[PDB]
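One-based numbering along the sequence shown. These values consider heavy atoms only, across backbone and side chains, with no hydrogens, waters or symmetry-generated copies.
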Amino acid sequence: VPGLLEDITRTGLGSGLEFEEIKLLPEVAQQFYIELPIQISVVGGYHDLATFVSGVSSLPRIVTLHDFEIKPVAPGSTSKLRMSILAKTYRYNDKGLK
């Protein structure tokens with residue numbers, strides 16, 4: 001199954017947004033599942049950022065979102081925002097924690 005990075009790009013997510021950083025982190029084993037985290041920083045207006053969050057939220061797969069941060073990039077009038085978020089997908093763990 002294609003990863004979250006591909007889902008964003010295959011379905012065309014993030015219109016109007018300027019990606020700054022995409023970092024795929026090492027998988028984290030837990031006793032019931034393996035987490036696949038992706039850290040993303042992206043710049044845009046509130047509307048385009050919201051559309052992106054809704055797009056990820058509407059994917060037909062379990063994605064959890066964490067560590068949401070948003071700050072204006074500059075003190076100017078109505079300027080764009082920098083949004084940081086950690087997204088995770090999951091797969092089963094049938095092998096324990098050895």
Side-chain angles (χ1 to χ4, degrees), residues 2-70 72-97:
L4 211 217
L5 179 64
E6 283 64 36
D7 279 344
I8 298 167
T9 64
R10 168 179 51 90
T11 67
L13 286 171
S15 314
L17 299 180
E18 305 283 351
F19 285 92
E20 289 189 334
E21 182 147 335
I22 304 176
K23 192 181 176 193
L24 292 77
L25 304 185
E27 291 181 330
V28 182
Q30 308 280 359
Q31 75 171 306
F32 307 121
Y33 42 79
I34 313 300
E35 312 177 358
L36 301 57
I38 305 181
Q39 176 70 51
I40 84 172
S41 287
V42 58
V43 169
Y46 288 107
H47 194 174
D48 292 317
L49 290 165
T51 297
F52 176 70
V53 171
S54 288
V56 173
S57 300
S58 304
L59 295 169
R61 71 189 300 169
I62 297 175
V63 184
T64 62
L65 309 177
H66 315 263
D67 299 330
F68 190 109
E69 176 91 25
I70 186 167
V73 305
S77 274
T78 79
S79 85
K80 292 188 293 181
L81 300 303
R82 173 172 298 108
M83 185 180 80
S84 285
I85 196 162
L86 175 77
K88 302 177 187 193
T89 53
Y90 301 81
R91 61 190 177 79
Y92 65 83
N93 183 10
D94 57 344
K95 308 295 183 182
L97 297 170

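Contacts of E20 classified as side chain to side chain donor-acceptor pair (under 3.5 Å), with partners at least two apart in sequence or in another chain: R82. For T51, there are no side chain to side chain donor-acceptor pair (under 3.5 Å) partners two or more places apart in sequence or in a different chain.
Note on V28 and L65: separate hydrophobic clusters, where clusters join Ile, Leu, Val, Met, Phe, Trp and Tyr whose side-chain heavy atoms are under 4.5 Å apart, directly or indirectly. Note on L97: it does not cluster hydrophobically with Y92, by side-chain heavy-atom contacts below 4.5 Å among ILVMFWY residues. Put simply, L59 and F68 are part of the same group of oily side chains (I, L, V, M, F, W, Y) that touch within less than 4.5 Å, one to the next.
Here the closest non-hydrogen pair linking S54 and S58 is O-OG, 2.8 Å. Heavy atoms only, all atoms of each residue included: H66 and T64 are closest at NE2-OG1, 2.6 Å. Shortest non-hydrogen contact noted between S79 and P72 is OG-CB, 4.5 Å.
The shortest distance between side-chain heavy atoms of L4 and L36 does not fall below 4.5 Å. When side chains are defined from C-beta on, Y90 does not count as touching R61, because their heavy atoms never get closer than 4.5 Å. Using a 4.5 Å heavy-atom cutoff, the side chains of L86 and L25 are in contact. In this structure the side chain of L17 reaches within 4.5 angstrom of the side chain of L49, judged on heavy atoms.
The list of salt bridge (charged side-chain N to carboxylate O under 4.0 Å, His left out) pairs with a residue in residues 29-54, not counting sequence neighbours, reads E35-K88.
Environment of NE2 in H47: sparse, with no more than 12 heavy atoms of neighbouring residues, nucleotides or ligands closer than 6.0 Å.
For the atom pair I40 CD1 and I85 CD1, the distance stands at 6.5 Å (nearest 0.5 Å). Expressed to the nearest 0.5 Å, how far OG1 of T89 lies from OH of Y33 amounts to 12.5 Å. Rounded to the nearest 0.5 Å, atoms CZ (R10) and CD1 (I8) are 11.0 Å apart.
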* **Derivation of the side chain to side chain contact (heavy atoms under 4.5 Å, CB included) call for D7 and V63** => CA-CA 11 Å; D7 279 344; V63 184; over 6 Å; no
